[PDB]
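Trainee: next input, structure requested:
(chains A, B, C and D, ligands or ions: 12)
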Amino acid sequence: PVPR
Amino acid sequence: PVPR
Amino acid sequence: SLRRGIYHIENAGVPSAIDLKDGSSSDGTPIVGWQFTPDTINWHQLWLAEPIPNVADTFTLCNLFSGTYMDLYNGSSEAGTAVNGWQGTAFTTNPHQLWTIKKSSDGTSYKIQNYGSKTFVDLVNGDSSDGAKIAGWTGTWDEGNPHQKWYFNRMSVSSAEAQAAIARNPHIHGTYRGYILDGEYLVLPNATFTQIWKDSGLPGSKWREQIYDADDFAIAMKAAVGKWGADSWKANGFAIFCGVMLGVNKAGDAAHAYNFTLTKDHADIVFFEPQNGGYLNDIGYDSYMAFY
Amino acid sequence: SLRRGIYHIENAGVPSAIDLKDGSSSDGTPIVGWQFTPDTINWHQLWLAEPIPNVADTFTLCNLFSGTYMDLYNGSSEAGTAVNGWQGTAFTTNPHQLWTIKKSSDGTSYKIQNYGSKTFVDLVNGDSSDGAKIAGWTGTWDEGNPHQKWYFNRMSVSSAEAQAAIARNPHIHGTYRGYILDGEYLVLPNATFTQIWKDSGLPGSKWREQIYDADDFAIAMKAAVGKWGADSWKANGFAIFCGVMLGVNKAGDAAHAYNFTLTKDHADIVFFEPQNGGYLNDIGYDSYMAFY
Ligand SMILES: C[C@@H]1O[C@@H](O[C@@H]2[C@@H](O[C@H]3O[C@H](CO)[C@H](O)[C@H](O)[C@H]3O)[C@@H](O)[C@@H](CO)O[C@@H]2O)[C@@H](O)[C@H](O)[C@@H]1O
Ligand SMILES: C[C@@H]1O[C@@H](O[C@@H]2[C@@H](O[C@H]3O[C@H](CO)[C@H](O)[C@H](O)[C@H]3O)[C@@H](O)[C@@H](CO)O[C@@H]2O)[C@@H](O)[C@H](O)[C@@H]1O
Ligand SMILES: C[C@@H]1O[C@@H](O[C@@H]2[C@@H](O[C@H]3O[C@H](CO)[C@H](O)[C@H](O)[C@H]3O)[C@@H](O)[C@@H](CO)O[C@H]2O)[C@@H](O)[C@H](O)[C@@H]1O
Ligand SMILES: C[C@@H]1O[C@@H](O[C@@H]2[C@@H](O[C@H]3O[C@H](CO)[C@H](O)[C@H](O)[C@H]3O)[C@@H](O)[C@@H](CO)O[C@H]2O)[C@@H](O)[C@H](O)[C@@H]1O
Ligand SMILES: [Ca+2]
Ligand SMILES: [Ca+2]
Ligand SMILES: [Ca+2]
Ligand SMILES: [Ca+2]
Ligand code: NA
Ligand code: NA
Ligand code: NA
Ligand code: NA
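Mentor: Numbers count the residues shown, from 1 in each chain, chains lettered A, B, ... in the order given. Ligands and ions are numbered 1, 2, ... in the order given. I have put the structure below:
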């Protein structure tokens, strides 16, 4: 996934 | 090398 | 299908864009036709289209500046019904703020239909004046009427589109790795990218061995564009495009840190030297790492 | 051999450090003994030791704050000769500013010999007073005299030492890649790391989807520590330690961005949450990328  |  | 993203929505008949008047966040702020300058940030004229799950071709349209939503006043199906900015949320069930957006009969422009009323966004009388009324109006999906046709000029890239632009660049090292940080990016004109650099204080910064060298300039420029994004816009669910790259020279015995942005057509990257504000197609290094 | 790096140089007899008085950059500013507070930045008491090529165990000693060099006044071999701050360069041939630094007879402390005079740095009379004279003085390499013995308390890590600290951490993903930016890093006490965070404006910043989310906080904190380094210190040839990490949770279905710093003993990393100023040994993510 993508950093949040 | 290392960024400069 | 219209893709998630940020759009400058331009009438097909006259060069007027959909404008939230004075960018006001007040409920019931008129949405009007207004002239625009290409290759700028048109501050009151950018719309984030968020697709609704389980409703085909239907979106909320959030004004990037105000954070308020395109709203058909009381959801009336009467011709001449006000279209305004109104407080809402990205995935609302309020049919006043839900818009079905599909290609017109010319296959290039779109029509914008209110999901509740089934009336269309209409630049009344095709009036090109600054502040011209935009209203919900009777219409059909197939008719040629340019009052109700809208070019969705795409101002953002996906992370997939940004990755493709990097991958087709001729200055990428064999060992390159990219690290994606967000999903959907507003692409800046160079004029705006430059203004953020000028206002950062970086133009006055001196190179110093290790303590403020290339990696400090490149990271400072990314931080400045991040700060500008949050401070400038009230909408959420997008980022501003500004990359950091590390690169190595042909001889493999010197490395450098710099930034990159995207061309107008969103197809290619352009390198940015944060030590002098220069844009380059070749910065004399091949990228072995990027984060953006 | 003493390694390149930043040192807090503490007398072996009394708890006085080598201090450039008032941190002044004026030529002929006295270098004196002065008391110190452990686990702080001792602003006037940090020295960058630069090894001279082709001269064994011989260095310049540059005050981190002033950017001026430890200088034996007119290179005199007379006992009681002033040791001062003086303008110079990292690889000078001026023997006033060249120091041979080797382990004393106790094998833990060092002696500091002027390369030209062959006299030693001496805390005159072992005086523990704030502002006590330090002078060049007759001596030998082997004698026990604590006036001329100095503990070189290492305040910096190499990039190799920082890489080793990351590699022995139990929260590193199998796919981890690290990207080193500089060579030699000043390690901050958490008290100072926290103060830079507090002064950054990040404590007041709100999380916002994509437009100011974890990656924006982590990059803003690295930029703030970079800016603080350049603005705080006049010496060159080092950086401040502050890392950015991207991490993925156990389930592999959520990622996060955060910072890291090093323990006092320089052996291990500690995670820093720039959204709340917390230090953690486990931040609930395994790092798959770092740059520092
Ligand atoms: C010039 C004019 O264009 C068309 O009329 C438009 C209006 O068109 C729309 O509303 C009408 C009913 O008023 C009808 O439902 C039509 O199908 C629909 O597209 C409307 O766009 C208004 C407001 O801007 O302007 C014009 O009145 C056309 O139907 C007319 O015959 C005439 O050619
Ligand atoms: C207490 C005192 O310690 C030693 O004397 C030191 C001085 O020592 C150094 O200089 C002397 C000559 O003055 C000599 O060359 C000696 O080898 C060298 O280490 C010096 O450190 C001064 C200034 O701080 O203080 C003392 O005078 C020792 O030699 C004395 O006998 C006596 O024990
Ligand atoms: C923020 C503000 O932006 C500009 O004024 C807007 C105006 O902007 C558009 O129209 C002007 C001409 O009036 C230009 O074509 C711009 O390129 C367009 O983006 C409109 O959005 C109106 C109505 O909402 O609001 C104004 O504030 C600019 O002229 C101002 O100096 C200022 O930068
Ligand atoms: C920058 C300045 O730092 C401190 O004063 C220094 C002083 O610092 C040392 O001595 C003090 C006690 O006088 C404490 O032990 C500190 O922990 C030491 O680092 C000396 O360096 C003298 C002589 O050069 O200069 C002073 O400015 C601090 O007390 C000040 O408030 C200020 O932060
Ligand atoms: Ca993100
Ligand atoms: Ca650096
Ligand atoms: Ca560097
Ligand atoms: Ca972000
Ligand atoms: Na109104
Ligand atoms: Na949908
Ligand atoms: Na003097
Ligand atoms: Na040497």
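Trainee: shouldn't residue C:191 be within a strand?
Mentor: No: according to DSSP: H, G, I helix; E, B strand; the rest coil, the state of residue C:191 is helix, so it is not within a strand.
Trainee: can you tell if the longest helix that chain C contains touches chain B?
Mentor: Using DSSP state H, we find that the single longest helix of chain C is helix C:214-232. Yes: judged by CB under 8 Å from any CB of the partner chain, helix C:214-232 and chain B are in contact via C:214, C:215. Using the backbone N, CA and C atoms, a C-beta is placed for each residue, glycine as well.
Trainee: got the angle between that helix and helix D:214-232?
Mentor: 120 degrees (axes from the mean of the first three to the mean of the last three CA atoms, to 10 degrees).
Trainee: does the next helix or strand after helix C:214-232 pack against any helices or strands, and if so which?
Mentor: Using DSSP states H and E, the helix or strand that directly follows helix C:214-232 along the chain is strand C:239-240. Packing partners of strand C:239-240 (3 or more CB pairs under 8 Å, 6 or more residues apart in numbering or on different chains; DSSP states H and E): strand C:184-186, helix C:214-232.
Trainee: which neighbouring elements make contact with the shortest one?
Mentor: So the one you mean is strand C:184-186. So strand C:184-186, by 3+ CB pairs under 8 Å, 6+ apart, packs with strand C:5-11, strand C:156-158, helix C:159-167, strand C:239-240.
Trainee: so what are the sheet partners of the shortest one and their directions?
Mentor: I take that to be strand C:239-240. Neighbouring strands of strand C:239-240 in its sheet, by DSSP bridges, are strand C:184-186 (parallel).
Trainee: off-centre distance for the strand it pairs with?
Mentor: 6 Å (CA atoms, centre = their mean, to the nearest Å).
Trainee: picking up where we left off before, in CSV: the helices and strands packed on strand C:239-240, plus distance to residue D:207.
Mentor: Formatted as CSV, the helices and strands packed on strand C:239-240 follow (distance: least, CB to CB, whole Å):
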stretch, distance to residue D:207
strand C:184-186, 17
helix C:214-232, 10
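Trainee: what about these, which gets the closest to residue D:243?
Mentor: The closest of those to residue D:243 is helix C:214-232. By CB to CB, the value is 11.8 Å.
Trainee: mind listing what's buried along stretch C:106-122?
Mentor: C:109-117, C:119-122 (16 or more other CB atoms under 10 Å in any protein chain shown).
Trainee: mind listing which of those residues are in strands?
Mentor: The strands, defined by DSSP state E, take in C:110, C:111, C:112, C:113, C:114, C:120, C:121, C:122 from the buried residues of stretch C:106-122.
Trainee: what residues are bridge-paired with the fourth one?
Mentor: In other words, residue C:113. residue C:100, residue C:120.
Trainee: follow-up on the earlier one: how about the longest helix of chain C, does it reach ligand 3?
Mentor: No: with CB under 6 Å from any ligand atom as the criterion, ligand 3 is not reached by helix C:214-232; the gap is at least 10.3 Å.
Trainee: show me what that helix is packed up against.
Mentor: helix C:190-200, strand C:239-240, strand C:243-248, strand C:255-262, helix D:214-232.
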